[PDB]
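Colleague: please find the sequence and an experimentally derived structure below.
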Amino acid sequence: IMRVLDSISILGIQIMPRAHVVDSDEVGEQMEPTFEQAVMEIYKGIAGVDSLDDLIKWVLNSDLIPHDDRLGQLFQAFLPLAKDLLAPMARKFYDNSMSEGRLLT
Amino acid sequence: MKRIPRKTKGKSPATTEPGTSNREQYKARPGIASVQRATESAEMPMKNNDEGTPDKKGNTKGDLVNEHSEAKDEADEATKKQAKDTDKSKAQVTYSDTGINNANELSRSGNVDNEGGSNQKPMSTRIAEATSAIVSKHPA
């Protein structure tokens, strides 16, 4: 979608330059431990699971559908990290982005 | 002559005949993978309850807990395990705090020995003290 939008220009205006949009992953990438590998240690917190691989095997069914009870536990573990790490960095990013200009987020 | 390692330690022309193609696509209901996972848990052997039995030297194995209270503690473990298996705070099915009055129930423990006495002192220790009371030494 970003490529198609960036490939449009009608009256020499070039609507939606790629430089005027920001993905949903820059905020995560800014953190020195980025959010993805940050959440890949929930297996340390969870009891009875020793790896990300067998964590996935435990949480997901043979039909690739998440058991509600297991997912809820994983959500219990996930909510703090999303609440107390990502939020302030996101605040800072949106603040300085707003100060810098108007963009699509 | 191929050795089998031990489990434990002890002492010391055309081809491709027609009809061999694989084009059928059948989705079993119930699914195969779902059934195998359930049957793996079912075929598990039962736990070893060796508490209260003697050992290599003749000392009764297990902790020193009263016969009555041992049964009640074991009941609490079953309910706690049962809740975990259903991934709930508690389980609907409980082995403890039923309406029944099982005040006389008993379960095996390491508190008593085979002769019917108490294990306040290990059986091996008791033998050593008894046989030492008859020891005689060299004259001066």
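Modeller: Ah, there it is. Numbers count the residues shown, from 1 in each chain, chains lettered A, B, ... in the order given.

Colleague: residue B:109 contacts residue B:65, doesn't it?
Modeller: Yes. The criterion here is Cβ atoms under 8 Å, and residue B:109 meets it with residue B:65 at 5.1 Å. Placement of C-beta: from N, CA and C, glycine included.

Colleague: neighbour count winner among those two?
Modeller: residue B:109 (22 against 15; other Cβ atoms under 10 Å in any protein chain shown).

Colleague: which residue packs closest to that one, ignoring adjacent ones?
Modeller: residue B:70 (4.4 Å; Cβ to Cβ, 6 or more residues apart in numbering or on different chains).

Colleague: CA atoms of whichever strand or helix holds that neighbour as CSV?
Modeller: Residue B:70 belongs to helix B:67-85 when assigned by DSSP states H and E. Below are the C-alpha coordinates for helix B:67-85, written out as CSV (Å, rounded to 0.1, in the frame of the first residue of the first chain):
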residue,chain,number,x,y,z
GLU,B,67,-1.1,-41.3,59.3
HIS,B,68,-4.3,-39.2,59.3
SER,B,69,-2.9,-35.9,58.2
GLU,B,70,-1.0,-37.6,55.4
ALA,B,71,-4.2,-38.5,53.6
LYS,B,72,-5.6,-34.9,53.9
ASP,B,73,-2.5,-33.3,52.5
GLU,B,74,-2.5,-35.7,49.5
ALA,B,75,-6.1,-34.7,48.8
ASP,B,76,-5.2,-31.0,48.6
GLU,B,77,-2.5,-31.8,46.0
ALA,B,78,-4.9,-33.6,43.8
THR,B,79,-7.4,-30.7,43.7
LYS,B,80,-4.5,-28.2,43.1
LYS,B,81,-3.2,-30.4,40.3
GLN,B,82,-6.8,-30.8,38.9
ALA,B,83,-7.3,-27.0,38.7
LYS,B,84,-4.0,-26.6,36.9
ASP,B,85,-4.9,-29.2,34.3
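
Colleague: now the phi/psi pair for residue B:112, please.
Modeller: When read as degrees, to the nearest 10, the backbone of residue B:112 gives phi -110, psi 150.

Colleague: tell me how many other residues surround residue 11.
Modeller: Picking chain A for this. Residue A:11 has 6 nearby residues by other Cβ under 10 Å.

Colleague: hmm, I had chain B in mind actually
Modeller: For residue B:11, the neighbour count with other Cβ under 10 Å is 3.
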